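Just one chain is shown here, as structure tokens, and it is the form solved without the RNA.
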């Protein structure tokens, strides 16, 4: 009755695509689903990656009975190297479940951060395994085709009912590794009755079905076969299926594959070791291939953190240290832009063409296919589960809304669909489902020096300047008061008002001296009036830095 209710607390991945992490709780036992990162879009220079704030988990660490990872994509496990130490410290006994490849990639990262091997309790399971979590949760994972092998959804059985989480998925009828989705557990759950459905909303706006990775492999074979000279291919480091497809295409035309990008080299190494990747010869470095005929070279590349942008941007503008675009090169962008980078990629494409390269990119060219289900696939899942409650996930509000409308057009629509938000606390009972509160939530920014180096504050006033400009007022508080006003990125109309600013500042400074006021109070007497005056006369709110010095 009362004590019977599951709490679902999303800390990332809701209303957005990235840094996925969802907390599940029944009474005093918790388990977490994934812990990803989010890549920063350009315009946020210096930032290497974003991670979810996990205050709630740091506070309730003792109640965490397990951490479950659905697959090895950066936005699902990418944050763990930072989050685990924040929650448990340098070590923990807590079971961290994941498939072979998922944990394989995770260890590569943990190790890379100085985390001792075996410091954390990683339990390798099958993509289709069943695991008991504490006294209240029985998890039945099921394999789903996606853009990385060993990907799962999970049927979450609780004391008050079943929750089906589709995980990230598409229903690829012909996956590159020959491992089709396993829907038995999902259909079965549907027939018994699904209380809540949490499903991938990425392509809820798209009619039809997502093309198979096999279609892309064949199209990649096609365009690479016709390439005159060198071929560059960019994609995420974790897109193992795409990488295999490229490798196959290269090998079909006698090309040797070189690889650039720390993360991708690392992940491919692991995939090769574990058997997920196969290469007839081997993977080379840029140097080892620098002297081969153009027609015999294919380069696979991505950014240092695993995303293509930084390397595409360098090939286009700043210039890359180990490689450079030349007329005749063929560049294939075999991935889609991170949300917020669409038009930054367009500029890269424009610039790449001007360098003389034949650029092939999506959606104009079929050199990429989403790793997520389109409407026909989502409808199949909706009918398979016919959930009482529905919580669209893995997508921005428009994606979530469109999935809601899609669900509402089914034979037996959900009793209710909530639009999930990060930090929201959802209460689920056998008969109800609602948001009952919130917990601290947000994002931490990471760069070469770790977390904290860059902050919301540093970014907030970085925009205040970018959009309004700067006005520096230098005041000398003494018996010989002096005021100097200078500005930057400020409107000319406003600049011509700096003389007036200077004078009203002097009066404030002189008056401040007379009253024997502290400098900070004199700073205020200057700041406020000047701020008011300027907006009242320009409609702009430039950043006003008043510096008052006694002397």
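Numbering follows the first chain given and starts at 1.
Keep in mind that the form deposited with the RNA bound is not shown, yet the notes after this line are about it.
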Non-hydrogen atom within 4.5 Å of the RNA in the bound PDB entry for each of 151, 181 and 388: no
Residue 339, heavy atom within 4.5 angstroms of the RNA in the bound PDB entry: yes
Heavy atom of residue 262 within 4.5 Å of the RNA in the bound PDB entry: yes
The RNA contact in the bound PDB entry: residue 304, any heavy atom under 4.5 Å: yes
Residue 237: touches the RNA in the bound PDB entry, heavy atom cutoff 4.5 angstroms: yes
One residue of 375, 402, 162, 370 in contact with the RNA, assessed in the bound PDB entry (non-hydrogen atom, 4.5 angstroms): 370
The unique member of 274, 279, 311, 94 whose heavy atoms fall within 4.5 Å of the RNA in the bound PDB entry: 311
Candidate stretches 217 to 225, 450 to 458, 238 to 246, 428 to 436, one within 4.5 Å of the RNA in the bound PDB entry by heavy atom: 238 to 246
Contact set, 195 to 221 vs the RNA in the bound PDB entry - heavy atom within 4.5 angstroms: 202
